[PDB]
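Quick notes on the structure that follows.
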Amino acid sequence: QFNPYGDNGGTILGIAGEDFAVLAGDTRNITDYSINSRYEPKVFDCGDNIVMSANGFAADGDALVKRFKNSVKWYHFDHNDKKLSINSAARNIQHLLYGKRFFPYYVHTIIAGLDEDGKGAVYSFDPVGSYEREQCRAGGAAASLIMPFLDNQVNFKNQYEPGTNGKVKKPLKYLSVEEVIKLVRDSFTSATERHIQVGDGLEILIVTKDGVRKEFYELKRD
Amino acid sequence: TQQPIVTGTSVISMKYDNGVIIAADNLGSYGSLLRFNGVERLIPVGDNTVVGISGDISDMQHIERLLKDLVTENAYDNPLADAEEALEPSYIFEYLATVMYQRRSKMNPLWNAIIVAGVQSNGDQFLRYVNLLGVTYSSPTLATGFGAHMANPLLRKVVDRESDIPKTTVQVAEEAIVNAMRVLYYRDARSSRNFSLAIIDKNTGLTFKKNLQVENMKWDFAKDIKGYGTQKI
Amino acid sequence: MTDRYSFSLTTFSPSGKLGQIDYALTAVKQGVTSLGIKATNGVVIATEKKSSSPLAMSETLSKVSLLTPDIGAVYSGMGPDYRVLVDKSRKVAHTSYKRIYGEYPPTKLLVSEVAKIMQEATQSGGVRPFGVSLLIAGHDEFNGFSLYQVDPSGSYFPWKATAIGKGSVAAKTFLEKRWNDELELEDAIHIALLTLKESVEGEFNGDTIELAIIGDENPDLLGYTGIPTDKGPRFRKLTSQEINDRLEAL
Amino acid sequence: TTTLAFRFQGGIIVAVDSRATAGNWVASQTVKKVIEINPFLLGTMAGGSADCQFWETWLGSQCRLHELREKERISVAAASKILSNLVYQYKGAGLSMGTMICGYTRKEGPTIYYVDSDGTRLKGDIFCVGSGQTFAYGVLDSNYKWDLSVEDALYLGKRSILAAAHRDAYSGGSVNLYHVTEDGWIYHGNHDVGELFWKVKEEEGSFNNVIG
Amino acid sequence: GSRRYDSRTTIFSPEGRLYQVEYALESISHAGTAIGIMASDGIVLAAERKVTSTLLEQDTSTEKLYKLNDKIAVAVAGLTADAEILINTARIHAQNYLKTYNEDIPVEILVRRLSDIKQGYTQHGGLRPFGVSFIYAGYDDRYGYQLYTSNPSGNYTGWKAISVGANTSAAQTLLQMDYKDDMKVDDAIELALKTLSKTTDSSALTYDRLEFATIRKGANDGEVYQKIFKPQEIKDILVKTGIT
Amino acid sequence: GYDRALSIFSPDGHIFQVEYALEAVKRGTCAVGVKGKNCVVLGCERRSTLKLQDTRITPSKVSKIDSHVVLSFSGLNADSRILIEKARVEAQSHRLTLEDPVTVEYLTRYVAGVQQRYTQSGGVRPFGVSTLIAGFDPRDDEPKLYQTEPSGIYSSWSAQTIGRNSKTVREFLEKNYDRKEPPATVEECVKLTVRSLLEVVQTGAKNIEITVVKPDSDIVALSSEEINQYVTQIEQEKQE
Amino acid sequence: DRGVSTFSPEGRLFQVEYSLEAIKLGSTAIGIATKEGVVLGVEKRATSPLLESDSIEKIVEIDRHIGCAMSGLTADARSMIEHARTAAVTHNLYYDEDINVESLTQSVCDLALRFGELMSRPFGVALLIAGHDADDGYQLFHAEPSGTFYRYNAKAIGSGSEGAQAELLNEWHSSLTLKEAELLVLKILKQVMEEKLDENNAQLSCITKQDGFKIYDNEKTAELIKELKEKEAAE
Amino acid sequence: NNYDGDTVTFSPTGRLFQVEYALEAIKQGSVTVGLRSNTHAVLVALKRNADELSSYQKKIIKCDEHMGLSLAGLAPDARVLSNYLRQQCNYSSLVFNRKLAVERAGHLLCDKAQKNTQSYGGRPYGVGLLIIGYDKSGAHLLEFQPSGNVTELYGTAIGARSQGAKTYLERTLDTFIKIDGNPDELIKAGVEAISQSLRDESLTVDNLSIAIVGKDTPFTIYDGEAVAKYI
Ligand SMILES: *[B]([O])([O])[C]([C][C]([C])[C])[N]C(=O)[C]([C]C1=[C][C]=[C][C]=[C]1)[N]C(=O)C1=[C]N=[C][C]=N1
Ligand SMILES: [Mg+2]
């Protein structure tokens with residue numbers, strides 16, 4: 001019997017800062033126990049200061065990103081070159097995904113950018129289109145390894161202030177772009193060590209009011 | 001949904017400093033029966049692209065006709081069909097990739113794994129993969145089926161990352177490909193000794209080599225091997 | 001393309017006339033004379049084989065046609081329109097009756113089906129009415145022998161005897177004097193030949209006259225033996241010789 | 001999931017949890033399981049996240065179109081039936097929903113409809129829906145009265161979700177409270193279970209089984 | 001294109017009349033007269049065949065009176081072929097109703113259905129209307145004995161006594177004069193034949209130029225019998241009433 | 001299918017087919033609607049050119065669309081059946097989905113919408129019918145009376161008439177109907193409706209039909225004798 | 001006869017030009033756009049005194065931020081309004097935002113030329129579409145049955161249009177207040193109307209960013225009419 | 001005369017009058033100019049207002065990052081045709097990862113317009129288009145007529161009084177073709193060209209509409225104070 005789905009591995013990570021947002025993802029592409037590519041870009045600039053990644057089955061991932069990029073193009077044509085806000089993009093993606101509710105895009109989608117107040121924004125989707133704005137989200141193969149670390153080191157969960165013994169929580173102070181990139185790199189270094197489908201390279205896209213910047217880092221190739 | 005009947009095995013390929021090399025054996029298998037011994041699985045498109053195909057041969061022949069038809073269609077009302085508006089490797093690939101994914105989405109796939117090797121207008125090397133699922137990826141070395149498991153490891157020792165491409169000559173690259181084909185003949189039970197090889201260079205163009213054979217094989221050591229353990233005679 | 005004539009080409013005029021039906025009847029009037037006579041033990045239908053050229057083989061053109069083993073038809077008017085009606089009539093006898101009830105339709109119901117086809121050409125989009133009047137003779141178990149006329153409008157009437165086409169007015173008067181309710185089939189054939197001679201100009205023989213009967217069952221024409229209940233067709237077309245024999249006793 | 005809604009003297013109380021799971025994996029603790037269909041209508045969400053989200057924000061579009069066309073607020077009966085008729089068309093296809101449509105109008109008063117992906121549409125006073133519905137039912141049925149204050153009703157709903165959050169492994173995170181009166185719904189805050197449990201335990205004297 | 005040849009059968013005149021309906025009614029006015037008379041104990045249907053011949057087989061002939069079911073019959077005035085199309089549709093409608101509700105179709109419901117079909121041909125489709133007017137004679141257990149008429153417009157009305165076809169103006173005046181509410185079937189039979197005898201364009205009214213039918217509760221106990229009169233039976237009733 | 005554009009604009013900006021449909025309404029028997037303080041009355045003319053009619057079974061001029069709404073009309077009778085049927089279906093469809101019967105305004109808006117659709121659809125001619133739709137909204141004691149016409153426009157009326165000689169009876173209603181004080185009772189409302197028809201009808205015998213609709217699905221049709229008593233009382237006051 | 005989509009020798013579609021004549025026979029509708037809002041006003045024109053004038057609905061809400069006035073064969077407008085309302089709500093569903101007034105107008109105008117031998121004829125009604133969005137602020141559009149739409153600072157359509165347009169030419173400036181615009185619509189309506197203008201035979205409405213689209217009460221308009229009379233008698 | 005009732009009818013001299021009447025609608029439209037060098041291609045369009053309260057009707061539509069057109073005639077027909085071009089440009093990109101050639105875009109418009117001239121029921125398009133673009137063979141300018149005829153040109157003009165601008169370009173041919181690597185000078189030549197078609201009215205800030213595409217210049221439209229530089 002023909003199986004229309006496959007698993008291309010990989011892992012992605014979105015973090016929303018105070019006036020910035022990052023969307024990271026490893027560059028390894030796989031099937032079963034073989035490496036297809038050590039550098040296959042997974043996070044894409046879609047225009048209008050929005051970055052996107054659809055992790056899971058790469059064919060469905062590429063199809064979805066391609067169709068969203070297309071939706072941005074036609075949004076400009078149909079509405080006098082109006083900038084597609086991140087919240088509007090998110091709702092649009094829900095309809096793209098739910099449109100194939102009974103033959104789903106087998107992907108975990110994450111977009112990142114800035115909201116209309118200039119603050120950092122990350123949105124997260126399931127394969128059939130349910131979505132929610134989030135401060136933090138890891139997706140894909142090693143998501144289970146990364147999310148708990150982010151609950152602890154981004155939202156200061158289960159952390160309290162010394163001397164008070166559980167009475168006073170650690171205050172939720174804001175994180176700089178340099179601080180976030182440190183947490184992203186350590187997340188992927190750790191994920192690479194314990195997950196076989198994570199490695200080769202890490203590509204991070206950073207979104208600010210100035211535009212979209214890229215950073216690349218080597219990961220272990222075993 | 002179907003099953004593949006007459007099938008072709010590994011297609012292997014890699015980038016080098018001035019272009020790309022691609023190769024595939026000339027066998028059309030019918031299960032374990034090595035039925036057809038003269039099947040060409042590298043199909044050139046113009047003088048700048050070679051499409052290597054593995055998997056179902058009936059579907060390969062269909063794809064071959066689509067590409068032939070693509071050249072005809074591009075020539076229509078196109079005074080620059082042999083110049084600025086000639087078919088690019090990137091155009092040919094994206095077309096195939098579109099078809100492969102559309103067919104899988106109708107639950108009626110073209111049961112193949114395809115590698116499009118070529119050189120672009122600006123001299124850039126093109127090498128990208130697509131299969132029955134519509135999955136696509138690019139890499140300095142690409143291989144299908146058994147080639148993925150056995151050829152890639154050997155070809156990645158020559159070009160391990162992007163920066164190794166300018167350091168790799170056509171002689172070193174071809175040598176690596178020819179060696180990989182020998183290894184696949186040792187170890188793939190659905191391979192043949194006879195194969196075809198294609199080089200697409202940005203300077204010397206398309207060189208298509210037919211009727212190549214695996215040579216310099218090591219078998220002599222077999223004479224010393226006796227029994228499966230304790231047997232001496 | 002597409003048939004963009006989805007509207008009626010036959011419409012009521014201020015006077016209440018349906019023009020195309022009237023004009024179709026005019027075409028029937030110009031057509032060669034045909035007639036039908038009903039006897040106690042049979043029915044006869046007859047017409048003239050008006051050959052368009054002496055080089056033409058008039059035997060290949062059949063004006064009198066078998067519809068079922070016990071039903072036959074003849075016409076006056078446009079031959080091609082008749083030919084396609086016979087094709088449709090033969091088919092409808094199977095599709096709307098024989099494939100349902102396992103037997104051939106009775107005369108009146110097959111006539112009803114033909115009439116329906118001719119009515120629809122009078123109301124449907126983008127078509128003209130059929131330019132023929134049919135005379136349908138037939139037999140069935142419960143109704144016995146019968147003879148029907150069918151007009152371009154789709155209207156049909158049962159007749160003891162009648163004529164249509166060129167010299168119908170004179171021929172119907174001739175039949176009124178000769179017809180009675182005690183005629184045997186041979187007597188009806190004799191009267192049919194007498195009536196038809198009046199409307200014919202040139203040669204009058206078996207080769208220029210087409211004549212068929214609905215009479216006794218013909219087991220010799222069945223084609224097989226072994227089933228007692230199947231006794232053969234009541235429709236029989238008279239041969240050129242059989243006509244000439246009765247022209248000597250004329 | 002644990003979601004509840006109940007009619008009383010002061011209108012309707014709606015209370016939901018916040019957890020979303022994929023197997024044993026906790027996918028989210030911050031899910032909005034209540035949707036604000038308009039200033040007067042609320043919908044709860046249980047079962048498939050996408051199905052509930054998509055079709056309940058769709059419901060808000062249909063309700064808006066109704067009051068544009070009819071120059072009048074849509075009834076809770078009519079709104080709930082639009083959703084139930086829609087999902088009934090998709091019956092068999094595999095939609096997964098358990099929802100309460102909660103509202104207040106002049107002609108109806110406070111009204112709750114349980115709507116279901118099998119096509120079930122039920123009017124009622126009390127409903128609990130989700131994997132932890134049985135736990136919430138225990139607290140509700142023993143403490144429910146018509147003559148509850150808005151303050152006491154709000155607490156009962158909060159406490160009933162807490163009860164389920166504790167016992168049901170697929171419920172938890174936090175509690176979202178809503179209070180529905182004539183003049184629209186009124187949000188009553190997000191309450192983290194990690195803090196609410198220790199607060200309620202201490203103040204109420206309950207959960208003596210657990211050590212704190 | 002094709003527009004050039006379109007007669008446009010479904011349009012209003014400047015006066016607000018439907019051309020084709022009006023012309024269809026003109027066609028019907030030349031058809032043989034049909035009369036229906038409703039009594040307390042039954043209904044009569046009488047109709048005149050159009051200029052017949054001595055060679056017409058009358059006993060197997062039917063151009064005027066048709067059976068829709070065991071309880072309902074119709075008299076036709078207009079194109080016979082058009083009428084048979086509608087008659088077969090009506091026969092099916094009656095059977096559909098019987099299959100659905102397991103009860104015989106009420107007369108009015110059948111009449112409304114056929115009338116609605118006629119109406120459709122005047123409003124849409126670009127086809128010519130049916131050049132037919134019906135007299136419906138029927139019985140059901142709600143309203144009892146009922147007479148209706150419908151015409152190409154698709155409009156229908158109920159009657160105590162009514163005529164369609166030729167000379168309706170003269171016929172309706174004669175019926176209006178001699179009709180009474182407490183009338184019986186035997187009296188209605190006589191009235192129908194006397195009316196035709198005076199309005200006919202023929203020299204004399206004979207059995208071979210008539211079709212006749214009665215719907216009576218003159219069936220053994222609480223039930224209804226349809227009687228399509230045979231040629232010999234029409235001849236006898238003509239002698240009985242003193243016309244021949 | 002037959003796609004021919006029958007309703008089209010003319011150089012002076014008129015759709016003649018729609019206007020000729022109004023002429024068919026002008027030909028139709030007169031229909032009148034009057035709303036009182038707690039009721040609506042629908043009066044209808046019956047042309048006495050047709051006697052020997054069976055009034056038991058003959059299609060009545062006023063039709064119930066639901067138990068709380070009625071519809072009368074002027075124009076082509078056969079056309080009116082199609083609108084009535086559609087309206088009755090929509091009335092049940094509304095109860096099924098909204099769980100509440102139609103408002104008189106909604107039902108009118110639907111019927112008017114159907115009539116409009118037939119003025120710019122290919123292959124069809126407009127309805128030769130104008131309607132008066134009357135009744136009471138569910139759980140509402142305010143009387144409702146609406147009018148529609150072939151073009152598809154509709155509007156609410158304190159009192160209105162349509163059909164032949166409607167110009168005359170509208171003249172009567174415009175001077176006799178006071179908005180500040182409408183017919184307070186059923187009697188007063190019926191009397192004013194009969195009076196208005198008597199300006200046009202001829203004989204007050206079987207030529208006038210009256211249907212009274214009251215709140216909460218209370219609809220009744222008056223008999224010949226009941227109407228005849230109104231006819232008698234009106235003329236006896238007139239002899240002065 | 002002749003095609004419905006036929007061109008005249010001058011290069012105009014016969015049917016579109018004829019539908020414009022029908023719009024000239026329609027009741028007057030006026031729109032004025034300001035920086036404080038857009039005002040929409042219409043002549044009701046009841047055919048008889050027995051017709052309850054408050055049932056005449058020639059000003060209509062499309063969304064909270066978009067209103068619409070009509071003139072001509074007003075029955076034709078119902079399907080245009082239905083489409084407009086659906087388009088507005090649908091876009092909010094797909095994009096979680098208000099739709100641009102221009103985009104809404106464009107969507108309505110796409111229906112216009114969908115006629116042939118689709119609907120059998122063009123629409124016999126013109127629309128004044130007024131609204132507000134964040135990108136282009138307060139806007140007023142004139143949507144015709146030709147499929148064309150122009151933006152306007154002020155615009156009059158219907159029987160008294162060219163007389164009203166000439167009056168709007170003189171009176172409009174870029175610093176008009178909302179109150180000044182309200183009176184200006186009432187003034188020009190009163191000028192071109194056959195019958196004497198009052199709160200029962202004329203209707204006002206506006207669209208502001210804060211309160212959205214509002215149809216004015218007959219009591220509220222009556223005061224603005226009284227305010228108008230006094231200020232005209234003031235000189 | 002008797003042969004202008006529909007598009008499916010030739011006249012006795014072999015003319016299609018409905019097509020010619022559609023051509024007439026273009027001549028009533030406002031003037032627009034197109035011209036190109038080897039590096040850039042420019043559109044200049046005189047926009048038309050209804051009155052002083054009204055806006056000026058937009059004349060230029062973007063089809064892709066590398067292609068767009070200006071219109072003259074029925075604006076809704078230009079919207080239909082530009083929408084078709086947007087889809088065809090987009091199909092080329094999605095399927096073949098290839099920017100649509102300007103010549104091939106012209107061929108597609110020709111064939112779409114032709115079908116409306118040979119079939120019953122339909123009508124010809126009532127608009128003329130000037131398509132500019134930059135593809136793999138450099139800058140291009142096309143002129144589309146609703147008869148179906150598409151023509152590649154160095155420069156041209158369509159609309160009312162377009163003959164004046166067309167003559168100017170015919171004189172300036174050798175000059176403006178050489179304006180390479182200088183967008184502002186190529187626009188100046190276009191603004192000077194369209195000025196030969198003006199009478200009574202002159203180019204104001206909300207009257208003028210300019211568009212440009214080139215080697216390293218995406219198709220961009222200039223309106224309002226962005227064109228005050230060129231007035
Ligand atoms: B609740 O537990 O039913 C919850 C409500 C939903 C609206 C968020 N549903 C889920 O958590 C479901 C799984 C499930 C668990 C128990 C019962 C029924 C269903 N999960 C999701 O819908 C889901 C999971 N991962 C990502 C997105 N959505
Ligand atoms: Mg690893």
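In the structure tokens, the first chain shown is A, the next is B, and so on; residue numbers restart at 1 for each chain, and ligands run from 1 in the order shown.
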**Asked** When DSSP works through the backbone of this structure, what residues of stretch 11-225 of chain B end up as strand (DSSP E or B), shown as JSON, numbers by chain?
**Response** {"B": [11, 12, 13, 14, 15, 16, 19, 20, 21, 22, 23, 24, 25, 28, 29, 30, 33, 34, 35, 36, 42, 43, 44, 49, 50, 51, 52, 53, 54, 55, 56, 112, 113, 114, 115, 116, 117, 118, 119, 125, 126, 127, 128, 129, 130, 131, 136, 137, 138, 141, 142, 143, 194, 195, 196, 197, 198, 199, 200, 201, 205, 206, 207, 208, 209, 210, 211, 212, 213]}
If you count only C-alpha atoms, which residues fall within 10 Å of residue E:204, apart from same-chain ones fewer than 6 positions away, as a PDB file with N, CA, C and O atoms, in the first residue's frame?
```
ATOM      1  N   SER E 197     -76.597  19.151 -27.812  1.00  0.00           N
ATOM      2  CA  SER E 197     -77.513  19.064 -28.951  1.00  0.00           C
ATOM      3  C   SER E 197     -77.871  20.433 -29.536  1.00  0.00           C
ATOM      4  O   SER E 197     -78.142  20.546 -30.732  1.00  0.00           O
ATOM      5  N   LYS E 198     -77.871  21.464 -28.692  1.00  0.00           N
ATOM      6  CA  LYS E 198     -78.202  22.825 -29.122  1.00  0.00           C
ATOM      7  C   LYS E 198     -76.981  23.629 -29.573  1.00  0.00           C
ATOM      8  O   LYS E 198     -77.088  24.462 -30.474  1.00  0.00           O
ATOM      9  N   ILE E 243     -83.543  12.443 -27.856  1.00  0.00           N
ATOM     10  CA  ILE E 243     -82.801  13.276 -28.811  1.00  0.00           C
ATOM     11  C   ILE E 243     -82.766  12.627 -30.200  1.00  0.00           C
ATOM     12  O   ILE E 243     -82.745  13.329 -31.213  1.00  0.00           O
ATOM     13  N   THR E 244     -82.759  11.294 -30.242  1.00  0.00           N
ATOM     14  CA  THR E 244     -82.846  10.547 -31.500  1.00  0.00           C
ATOM     15  C   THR E 244     -84.053   9.617 -31.492  1.00  0.00           C
ATOM     16  O   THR E 244     -84.265   8.866 -30.541  1.00  0.00           O
TER      17      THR E 244
END
```
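For residue E:133, the set of protein, DNA and RNA residues having any atom at most 7 Å away, when counting only C-alpha atoms and skipping those fewer than 5 positions along the same chain, is residues 76, 77, 78, 150, 151, 152 and 164 of chain E.
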Grab me every residue within 7 Å of ligand 2, counting only C-alpha atoms and all ligand atoms, and send it over as a short mmCIF file (atom, residue, chain, number, x, y, z; two decimals) with C-alpha atoms, in the first residue's frame.
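As written to disk, out02.cif reads:
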```cif
data_model
loop_
_atom_site.label_atom_id
_atom_site.label_comp_id
_atom_site.auth_asym_id
_atom_site.auth_seq_id
_atom_site.Cartn_x
_atom_site.Cartn_y
_atom_site.Cartn_z
CA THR A 192 21.97 17.37 18.97
CA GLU A 193 23.65 15.31 21.72
CA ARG A 194 20.55 13.23 22.54
CA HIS A 195 18.51 13.20 19.30
CA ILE A 196 19.84 11.44 16.18
CA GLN A 197 17.76 13.52 13.72
CA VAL A 198 19.22 16.82 15.03
CA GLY A 199 22.63 18.11 13.90
CA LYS A 220 27.80 18.11 15.34
CA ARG A 221 27.62 16.01 12.17
CA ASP A 222 27.32 12.49 13.69
#
```
**Message:** Quick check: residues of chain H within 10 Å of chain E, only C-alpha atoms, returned as a PyMOL selection string.
**Reply:** chain H and resi 5-9+119-121
**Request:** List all protein, DNA and RNA residues that have an atom no more than 9 Å from any atom of ligand 1, counting only C-alpha atoms and all ligand atoms, and report them as a count of residues only.
**Result:** 45
**Prompt:** Do you know which residues are at most 10 Å from residue H:137 counting only C-alpha atoms, after dropping those on the same chain fewer than 4 positions away, and could you put them as a list in words?
**Reply:** residues 80, 83, 84 and 85 of chain B; 38, 101, 102 and 103 of chain H
**Asked** as number ranges by chain, which residues of chain F does DSSP assign to alpha helix (DSSP H)?
**Response** F: 16-27, 77-98, 104-117, 166-176, 186-198, 224-238
**Request:** Figure out the distance between atom CA of residue A:9 and atom CA of residue B:160, please, to one decimal in Å.
**Result:** 20.8 Å
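Residue neighbourhood of stretch 213-217 of chain C, excluding near-sequence residues (fewer than 4 positions): residues 41, 42, 43, 44, 45, 46, 70, 71, 72, 137, 138, 139, 145, 185, 189, 221, 231, 232, 233, 234, 235, 236, 237 and 238 of chain C, at 9 Å, using only C-alpha atoms.
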**8 Å contact set for stretch 51-54 of chain F, only C-alpha atoms, chain neighbours under 3 positions out, as a list in words** = residues 157, 158, 159, 160, 161, 162 and 176 of chain E; 48, 57 and 58 of chain F
Output the selection as an mmCIF file, in the first residue's frame - C-alpha atoms for each residue.
```cif
data_model
loop_
_atom_site.group_PDB
_atom_site.id
_atom_site.type_symbol
_atom_site.label_atom_id
_atom_site.label_comp_id
_atom_site.auth_asym_id
_atom_site.auth_seq_id
_atom_site.Cartn_x
_atom_site.Cartn_y
_atom_site.Cartn_z
ATOM 1 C CA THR E 157 -61.222 26.892 -10.788
ATOM 2 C CA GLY E 158 -64.023 24.764 -9.298
ATOM 3 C CA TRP E 159 -67.492 24.393 -10.837
ATOM 4 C CA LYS E 160 -71.017 23.028 -10.392
ATOM 5 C CA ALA E 161 -71.411 22.898 -14.167
ATOM 6 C CA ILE E 162 -68.894 23.943 -16.832
ATOM 7 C CA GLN E 176 -76.798 28.436 -16.054
ATOM 8 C CA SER F 48 -69.266 38.153 -10.489
ATOM 9 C CA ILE F 57 -63.396 24.223 -3.609
ATOM 10 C CA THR F 58 -62.435 27.268 -5.724
#
```
**Within 8 Å of residue G:42 using only C-alpha atoms, minus same-chain residues under 2 positions, as a ChimeraX atom specification** = /G:27-30,40,44,58-59,69,189,202-204
Interface list for chain F, partner chain H, 12 Å threshold, only C-alpha atoms, as a PDB file with N, CA, C and O atoms, in the first residue's frame:
```pdb
ATOM      1  N   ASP F   3     -31.597  30.460 -21.885  1.00  0.00           N
ATOM      2  CA  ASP F   3     -30.836  31.471 -21.149  1.00  0.00           C
ATOM      3  C   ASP F   3     -31.194  32.910 -21.549  1.00  0.00           C
ATOM      4  O   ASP F   3     -30.593  33.865 -21.052  1.00  0.00           O
ATOM      5  N   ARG F   4     -32.186  33.060 -22.426  1.00  0.00           N
ATOM      6  CA  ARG F   4     -32.465  34.341 -23.089  1.00  0.00           C
ATOM      7  C   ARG F   4     -32.828  35.437 -22.085  1.00  0.00           C
ATOM      8  O   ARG F   4     -33.679  35.237 -21.218  1.00  0.00           O
ATOM      9  N   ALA F   5     -32.171  36.588 -22.206  1.00  0.00           N
ATOM     10  CA  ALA F   5     -32.433  37.728 -21.330  1.00  0.00           C
ATOM     11  C   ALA F   5     -33.729  38.420 -21.740  1.00  0.00           C
ATOM     12  O   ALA F   5     -33.745  39.214 -22.684  1.00  0.00           O
TER      13      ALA F   5
END
```
**Request:** Starting from chain H, keep only residues with some atom at most 6 Å from an atom of chain B, counting only C-alpha atoms, and report them as a ChimeraX atom specification.
**Result:** /H:95-97
With N, CA, C and O atoms retained, write the just-selected residues as a compact mmCIF listing (two decimals), in the first residue's frame.
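Output (result_5.txt):
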```txt
# COMPACT_ATOMS: atom_id res chain seq x y z
N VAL H 95 5.25 26.81 -10.82
CA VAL H 95 5.46 25.53 -11.49
C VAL H 95 6.88 25.37 -12.03
O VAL H 95 7.51 24.34 -11.81
N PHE H 96 7.38 26.39 -12.72
CA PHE H 96 8.68 26.32 -13.40
C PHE H 96 9.80 27.11 -12.72
O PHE H 96 10.92 27.11 -13.20
N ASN H 97 9.49 27.78 -11.61
CA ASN H 97 10.46 28.66 -10.94
C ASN H 97 11.10 29.61 -11.95
O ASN H 97 12.32 29.79 -12.01
```
Residues of chain H within 10 Å of chain A, using only C-alpha atoms, as a PDB file with N, CA and C atoms, in the first residue's frame?
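Output contents, as saved in part-v8.pdb:
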```
ATOM      1  N   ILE H  61      -1.398  49.243 -13.323  1.00  0.00           N
ATOM      2  CA  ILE H  61      -1.581  48.046 -12.503  1.00  0.00           C
ATOM      3  C   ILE H  61      -0.317  47.188 -12.536  1.00  0.00           C
ATOM      4  N   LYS H  62       0.101  46.724 -11.360  1.00  0.00           N
ATOM      5  CA  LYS H  62       1.254  45.837 -11.225  1.00  0.00           C
ATOM      6  C   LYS H  62       0.824  44.387 -11.433  1.00  0.00           C
ATOM      7  N   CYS H  63       1.562  43.658 -12.269  1.00  0.00           N
ATOM      8  CA  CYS H  63       1.278  42.240 -12.542  1.00  0.00           C
ATOM      9  C   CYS H  63       2.247  41.296 -11.830  1.00  0.00           C
ATOM     10  N   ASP H  64       3.511  41.699 -11.749  1.00  0.00           N
ATOM     11  CA  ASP H  64       4.526  40.947 -11.012  1.00  0.00           C
ATOM     12  C   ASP H  64       5.642  41.905 -10.580  1.00  0.00           C
ATOM     13  N   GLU H  65       6.665  41.370  -9.919  1.00  0.00           N
ATOM     14  CA  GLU H  65       7.832  42.155  -9.511  1.00  0.00           C
ATOM     15  C   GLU H  65       8.607  42.705 -10.706  1.00  0.00           C
ATOM     16  N   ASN H  83      -5.635  40.692 -14.010  1.00  0.00           N
ATOM     17  CA  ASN H  83      -5.793  39.549 -13.114  1.00  0.00           C
ATOM     18  C   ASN H  83      -5.333  38.256 -13.783  1.00  0.00           C
ATOM     19  N   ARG H  86      -1.586  38.343 -13.885  1.00  0.00           N
ATOM     20  CA  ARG H  86      -1.085  38.054 -12.543  1.00  0.00           C
ATOM     21  C   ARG H  86      -1.039  36.548 -12.300  1.00  0.00           C
ATOM     22  N   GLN H  87      -2.098  35.851 -12.705  1.00  0.00           N
ATOM     23  CA  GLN H  87      -2.181  34.393 -12.569  1.00  0.00           C
ATOM     24  C   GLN H  87      -1.163  33.659 -13.444  1.00  0.00           C
ATOM     25  N   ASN H  90       2.238  34.109 -12.201  1.00  0.00           N
ATOM     26  CA  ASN H  90       2.321  33.341 -10.967  1.00  0.00           C
ATOM     27  C   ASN H  90       2.438  31.838 -11.216  1.00  0.00           C
ATOM     28  N   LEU H  94       5.483  29.482  -9.822  1.00  0.00           N
ATOM     29  CA  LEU H  94       5.220  28.351  -8.930  1.00  0.00           C
ATOM     30  C   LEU H  94       5.616  27.014  -9.554  1.00  0.00           C
TER      31      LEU H  94
END
```
